[PDB]
Every structure is written in structure tokens, then in C-alpha cells.
Amino acid sequence: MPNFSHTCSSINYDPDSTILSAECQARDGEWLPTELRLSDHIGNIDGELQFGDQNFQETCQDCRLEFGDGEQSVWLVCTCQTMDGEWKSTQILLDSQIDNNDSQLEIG
Ligand SMILES: OC[C@H]1O[C@H](O[C@H]2[C@@H](O)[C@H](O)[C@@H](CO)O[C@@H]2O)[C@@H](O)[C@@H](O)[C@@H]1O
């Protein structure tokens, strides 16, 4: 269902504190800024990235968003260390079971 793309603009993601910042329009038509911490639903699992877990940037580096053919989407890729200590590249699409209300930001 709907995502924070068209509803919000100026998608920012700091790789240190992993916080997503973007301006969204409220029901009153007013524009406000919102922040979100993915670490809450993203953790490391034997070298892979999955939803439901937490604490991932601590064991991962080079996190960066990537725009596809249409700037209406950005994709999250990060290198996460494995339990043996090896480094591997994983990928994950934020667009999915996540959405933002007109004036509030909460999972759908
Ligand atoms: O911050 C603790 C860390 O613990 C768990 O991760 C394990 C493993 O996947 C990691 O590769 C190594 C460190 O490189 O540590 C543990 O053995 C996870 O619960 C992870 O989410 C958490 O951040």
C-alpha cells in the first residue's frame, strides 16, 4: 500500500545514526519534517538483512540509497559482517509493508 514517496519529498538517510528524514504534507495542507529510525525494525542475521530484527549498522558499513529509472524510489544496500567476520553485500527495498499517514508516520 502507498509509501512516503509521493506523500513526502527530499528523502535523506544519514549512514551513521540511520535516521530517515523527509518533508510530508499534512491533512491541513501544511508541510512538516519527520524523522524515523530503521534500526528499530532492521538487525543483522548471520550476514543477511531482514525486517523484525534490530542493531545492524553496528555490524555493517557503506550503507547507501540508490535511485532507479524513476526518482520515485530509492534502494537500500549495505555490507554486513558475517559471524565468522567476513564482509558480504546484501540488498533490501524499503518500499513494501511501510507507509506514512498524511500527518503521521507509522508502519501499515
Ligand atoms: O551488537 C550486537 C550484535 O549481535 C548479534 O550479531 C552477531 C553476529 O551476527 C555479528 O556478526 C557479530 C559481530 O560482528 O556479533 C554477534 O555474534 C545481532 O543480534 C546484531 O543485531 C547485534 O547488533
Query raised in the report: What net charge do the residues around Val74 carry, taking every other residue with its C-beta under 12 Å from that of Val74, with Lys and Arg at +1 and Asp and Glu at -1?
Result: -2
Report summary line: Between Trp87 and residues 5 or more places away or on another chain, the pairs with built amide H atoms under 5 Å apart involve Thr82
Report summary line: With +1 at each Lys and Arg Cβ and -1 at each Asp and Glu Cβ, the charge dipole magnitude of the chain around its Cα centre, to the nearest 20 debye, comes out at 40
Report task. Work through the residues other than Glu35 whose Cβ is under 15 Å from its Cβ and net out their charges, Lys, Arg +1 and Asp, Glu -1. Result -> -4
Report task. Give, to the nearest whole percent, the P(r) tail of the chain beyond 24 angstrom, counting all Cα pairs. Result -> 26
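Only the coordinates and a few stated rules stand behind these numbers; no lab work does. Backbone-built Cβ (ideal geometry, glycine too); neighbour counts: all protein chains shown.
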